[PDB]
Amino acid sequence: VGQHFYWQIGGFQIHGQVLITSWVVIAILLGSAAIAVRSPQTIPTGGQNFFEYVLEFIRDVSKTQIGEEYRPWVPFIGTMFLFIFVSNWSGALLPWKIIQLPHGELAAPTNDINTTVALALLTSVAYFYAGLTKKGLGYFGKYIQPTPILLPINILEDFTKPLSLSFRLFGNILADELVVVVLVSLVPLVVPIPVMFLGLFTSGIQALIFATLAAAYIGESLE
Amino acid sequence: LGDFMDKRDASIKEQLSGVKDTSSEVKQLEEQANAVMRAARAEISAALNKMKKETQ
């Protein structure tokens, strides 16, 4: 129904919904994780198992994709999973059609391009940071190694790696929320809930496929 | 939490090197017990044999 936004002015226009929706994710990430690190135990108590099994999962998709030096990049990929996992699970589960902002919807931080192309650039700096730290500053992975005539293929591969990784995450969350927006207008909520469970299924997966592929460009730059 | 992952793992691993060290020390105790009992035995054998031949 509504694909628009209201802008907030600080000299330029920025989206009110994106900042506001994102803040809840930030408060629900730091507010729930830092309640278990207050008094840890040797044998993990109730509630610390879930935050440990997440951290052991992030070490899986870092070590398999990067290699022996996964351990500096764990807090980066740990953010790019959890900031995108919780942002999608906040959209389906937190009831925000009761609250009415006077100009726009509130579903997810990733419904605008402004989040998803920023997260596609934060993972784009990361494989230029890893690409220019470990290897030489003069020549790095874009250097035309197998054949010299592969130059326009590999220049354009620089542009497609943040762009295809952005519109993957941008579209499937915007699609999932719109199916919720459209089907409510037709029918009460007892019908679209299997479609929401099909959506909440892929809502967490597109976060997982982000952080898996985000680590996969790190290991390519280190070679 | 990273330290906790290491702490439980290093401690579990540490016990492993400790139990291996204890088994190597019990093997060296068995070898020193071997050498000390055969030390007393071969002491007596050589001493009685030499002193026997000499005073014969």
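See the structure printed just above.
Comments concerning the overall build of chain A
Summing up its helical and strand segments, chain A has six helices and two strands in all. Mapped in sequence order, the helices and strands of chain A form the string β-β-α-α-α-α-α-α. The C-alpha extent of chain A, read off along each of the three principal axes, is 60 × 50 × 40 Å. Burial analysis of chain A (223 residues in total) assigns 36% to the buried set. Long-range pairs, those at least 24 residues apart, make up 71% of the contacts in chain A with a sequence separation of at least 6. When the accessible area of chain A is evaluated, it comes to approximately 13500 Å², of which 70% is carbon and sulfur surface. In chain A, which carries 10 positive and 13 negative side-chain charges, the distance between the mean positions of the two groups comes to 6 Å.

Thoughts on the nonpolar core
Residues and elements named next belong to chain A. Judged by nonpolar contacts, the single largest core of 28 residues is most densely connected at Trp73, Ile77, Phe210 and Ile218. Put simply, the parts of the chain that give this core at least two residues each are α3 (74-93), α4 (113-133), α5 (151-186) and α6 (193-222). It is α6 that contributes the most residues to this core, eight residues altogether. Setting aside anything within four residues of it in sequence, one finds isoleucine 218 in contact with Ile66, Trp73, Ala126, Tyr127 and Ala130.

Describing the pattern of salt bridges
Scanning the entire structure with this criterion turns up three salt bridges over all chains. Across the salt bridge formed by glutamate 52 of chain A and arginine 8 of chain B, the nearest N and O atoms sit 3.6 Å from each other. In this pair, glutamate 52 of chain A is assigned in helix α2 (residues 48-63) and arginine 8 of chain B in helix α1 (residues 2-55), connecting two distinct chains. Given a relative accessible area of 18%, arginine 8 of chain B falls into the buried group.

Some remarks on the layout of surface pockets
Once rolled over the atoms, a probe with the size of a water molecule shows which space is left empty. Residue and element names in this part refer to chain A. Here the largest pocket is characterised by a volume of approximately 1100 Å³. Around the largest pocket sit 37 residues that line it, and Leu29, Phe51, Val54, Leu82 and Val86 are the ones nearest its centre. Going through the elements one at a time, α1 (16-33), α2, α3 and α6 are the ones with two or more residues in the lining of the largest pocket. Counting residues per element, the lining of the largest pocket draws most heavily on α3, which supplies 12 residues. Partitioning the lining of the largest pocket into residue classes produces 30 nonpolar, six polar and one charged. Within this model, the second largest pocket holds a volume of roughly 400 Å³. In terms of lining, the second largest pocket is formed by 20 residues, of which the most central are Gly141, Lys142, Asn154, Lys161 and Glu220. Sort the elements by how many residues they give to the lining of the second largest pocket and α5 lands first, with four residues. Among the residues making up the lining of the second largest pocket, the classes are represented as eight nonpolar, five polar and seven charged.

A few points about the interface of chain B and chain A
The interface of chain B with chain A comprises five residues on the first partner and 11 residues on the second. Here chain B packs against chain A, burying approximately 740 Å² in sum over the two surfaces, 67% of which is carbon and sulfur. Considering only the surface of chain B that becomes buried against chain A, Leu1, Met5 and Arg8 of chain B emerge as the three largest contributors, covering 77% of it. At the junction of chain B with chain A, the criterion picks out one salt bridge. Viewed at the interface, chain A and chain B are joined by one residue pair in polar contact. Its residues placed into classes, the side of chain B that touches chain A shows three nonpolar, one polar and one charged.

Looking at α1 of chain B
With 54 residues, α1 of chain B extends 78 Å from end C-alpha to end C-alpha; this agrees with the ideal 80 Å at 1.5 Å per step. Among all positions in α1 of chain B, only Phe4, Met5 and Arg8 of chain B are buried. The inward-facing, buried residues of α1 of chain B abut α2 of chain A.

What counts, and at which threshold
- Residues numbered from 1 in each chain as written, not as in the entry; some residues may be left out.
- Chains lettered and ligands numbered in written order.
- Part of a larger assembly, values for the part shown.
- Heavy atoms only, no water.
- Helix = DSSP H or I, 4+ residues; strand = E, 2+ residues; numbered from the N terminus.
- Buried < 20%, exposed > 50% of the residue type's maximum accessible area, 1.4 Å probe, protein only.
- Contact = heavy atoms within 4.5 Å.
- Areas by Shrake-Rupley, 256 points an atom, 1.4 Å probe, with all protein chains shown as cover.
- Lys, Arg positive; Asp, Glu negative; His and termini not counted.
- Charge placed at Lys NZ, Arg CZ, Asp CG, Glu CD.
- Core = buried A, V, L, I, M, F, W, Y, C linked by side-chain atoms within 4.5 Å.
- Salt bridge = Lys/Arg side-chain N within 4 Å of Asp/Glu carboxyl O.
- 1 Å grid on protein atoms, 1.4 Å probe; cavity = no way out; pocket = protein on both sides within 12 Å on 5 of 7 lines; lining within 4 Å.
- Points joined across faces, edges and corners; volume = space filled by probe spheres on them.
- Nonpolar A, V, L, I, M, F, W, Y, C, P; charged D, E, K, R; others polar.
- Buried area = accessible area lost by both parts, 1.4 Å probe.
- Polar contact = N/O pair within 3.5 Å; in protein donor to acceptor, adjacent residues only side chain to side chain.
- Expected span 1.5 Å × (residues − 1).

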